[PDB]
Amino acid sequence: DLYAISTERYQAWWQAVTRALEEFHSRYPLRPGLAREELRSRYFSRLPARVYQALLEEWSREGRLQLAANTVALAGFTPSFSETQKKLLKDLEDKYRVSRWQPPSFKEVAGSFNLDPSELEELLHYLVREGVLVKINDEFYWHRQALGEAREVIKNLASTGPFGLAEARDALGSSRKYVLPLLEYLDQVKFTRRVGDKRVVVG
């Protein structure tokens, strides 16, 4: 049924979430919010709740909560970035989204927006925490949506057996520059695993 709304007025759950998020936002004003898995395992762990996600979206739809890909924020929370930095975060999200399977390098991005590495790192790290970007290595960050789409492609490729670097590159219409770091990242988070000199998809 996916679950809509229930009756048990133990809204002391929402009270405990507000407390935790308020506490998190005053401590971490330059973070997007509390990790959804952290809120999961701190207040809704022992209760075998698959409805925790349905609960999150309900409060979201009420306008009580901002849901990012892996962080949750009280509605009304704004990180304490400068207005220039707030605009940059939007502009970085867009550039990485549009570039997709051919993301710009850290150095290209720093030059483009005329930022020092220190500030760029801080901004990208924010987007990584939020789940908009995923760090493949120190040079390459990928938009979440782009990465999910690359993984779908690779999963279908690997359904017929181990694949090489060239075969992944052909399936993604990409280049070795982009694909080797991607595949090394996918080994690290255990999406892929090396078999001989090729890879298969595990989980």
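Numbers follow the displayed sequence, beginning with 1.
The stretch with the higher mean CA B factor, choosing between 9-17 and 188-196, is 9-17.
Relative to one another, 32-40 and 160-168 have unequal mean CA B-factors, and 32-40 is the one with the higher figure. Of all the options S99, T78, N114, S82, the entry's greatest CA B-factor is assigned to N114.
Among the modelled residues of its chain, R61 has a C-alpha B-factor that falls in the highest third, as given in the PDB entry.
Compared with the other modelled residues of the chain, the Cα B-factor recorded for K177 ranks in the lowest third. Sorting the modelled residues of the chain by their CA temperature factor places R46 in the highest third. When the modelled residues of the chain are ordered by C-alpha B-factor, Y52 sits in the highest third.
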